[PDB]
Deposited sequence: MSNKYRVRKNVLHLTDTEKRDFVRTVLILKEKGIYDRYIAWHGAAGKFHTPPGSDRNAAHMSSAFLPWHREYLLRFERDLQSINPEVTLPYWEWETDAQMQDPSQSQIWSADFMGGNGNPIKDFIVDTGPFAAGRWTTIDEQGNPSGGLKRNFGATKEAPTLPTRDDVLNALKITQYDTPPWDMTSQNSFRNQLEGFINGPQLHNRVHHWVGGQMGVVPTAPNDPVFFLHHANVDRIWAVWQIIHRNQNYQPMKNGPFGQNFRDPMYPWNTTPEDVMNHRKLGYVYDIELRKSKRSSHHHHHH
């Protein structure tokens, strides 16, 4: 319970400072990249081979897989600075502002601005400007800087609304067969964003564009973790009123007690975020 993830808009200037600062040590030491590669590899790992499913997406493992990813990440954050926790970007309310692109979250004193078209959309403001922050594609080779493109598509021109979220929290079943994209009536698939997609989680990705728009190169952007803290919390919160599928008869690595490549972690090991050691602002 006793470790609290706040709303970014609740953070003090010293917190945003410690966060942004602590994240650079991790990039520096070489531990942040481990997180990029785990996530990339999880996405190549299809369950089973020949399937749309992969270990970390497009199935029930989506939520636990990412829960453990953050938990593992936040612990590393702690080792550097014990006073730091993982914040959440509450995109669903940024979505109401006349111009979400203006949300404090994008301040040069935290993550940084939208991409600079004049530089083919390389972000050139904030701590993760190209030059200060290296990035790497899918082949696992340097790529030359973070690129953002706030609502540049037509598929995802806007962030998800409070009603998109509220309407997901209403789903009875954590997940249903066939435990994939085409999963009807399943809190998992809905939050993820495939029902009339992209929505919710998926939509946030496409909206930011840049690396974030591609699963193979999403963690290259720290927003990735703020986005997923909010996803995690949506679930966390779901978990109080409805408080997993499948248990068995899912593909291997989708069941309650299966291992989640690239780890030996199981859905069950992280079903109670408090037993993990952290809570949200609520």
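Peer 1: Missing C-alpha coordinates: which residue stretches of the deposited sequence does that apply to?
Peer 2: Unmodelled stretches, in sequence order: 1 to 3, 247 to 249, 289 to 303.
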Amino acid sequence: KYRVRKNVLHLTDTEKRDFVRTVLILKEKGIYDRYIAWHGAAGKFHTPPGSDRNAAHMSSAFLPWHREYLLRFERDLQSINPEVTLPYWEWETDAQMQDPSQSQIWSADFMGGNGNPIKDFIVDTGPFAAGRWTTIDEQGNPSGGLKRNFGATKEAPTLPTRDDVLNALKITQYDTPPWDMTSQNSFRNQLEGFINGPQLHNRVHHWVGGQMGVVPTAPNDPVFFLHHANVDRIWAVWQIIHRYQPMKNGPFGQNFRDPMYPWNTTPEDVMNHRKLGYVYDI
From here on, numbers count along this sequence of modelled residues.
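Peer 1: Using the B-factors recorded in the PDB entry, average over the C-alpha atoms of 24 to 32 and of 63 to 71, then report which stretch comes out higher.
Peer 2: The stretch with the larger average C-alpha B-factor is 24 to 32.
Peer 1: Averaging CA B factors per stretch from the PDB record, which one is higher: 153 to 161 or 84 to 92?
Peer 2: Comparing averages over the C-alpha atoms only gives 153 to 161.
Peer 1: From the list 241, 37, 55, 223, select the residue with the highest C-alpha B factor recorded in the entry.
Peer 2: 241 has the highest C-alpha B-factor of those listed.
Peer 1: Looking at 119, 148, 201, 132, which one carries the largest C-alpha B-factor according to the PDB entry?
Peer 2: Most elevated C-alpha B-factor of the set, per the entry: 132.
Peer 1: Place residue 197 in the lowest, middle or highest third of its chain's C-alpha B-factors, as listed in the PDB entry.
Peer 2: Bottom third by C-alpha B-factor.
Peer 1: Taking the chain's C-alpha temperature factors as the reference, tell me which third residue 206 falls into: lowest, middle or highest.
Peer 2: It falls in the bottom third of the chain.
Peer 1: Can you tell me whether residue 4 has a C-alpha B-factor in the lowest, middle or highest third compared with the other modelled residues of the same chain?
Peer 2: It belongs to the middle third of the chain when residues are ordered by C-alpha B-factor.
Peer 1: Residue 79's Cα B-factor: lowest, middle or highest third of the chain?
Peer 2: Middle third by C-alpha B-factor.
Peer 1: Against its chain's modelled residues, does residue 171's Cα B factor rank lowest, middle or highest third?
Peer 2: According to the entry, residue 171 has a C-alpha B-factor in the chain's middle third.
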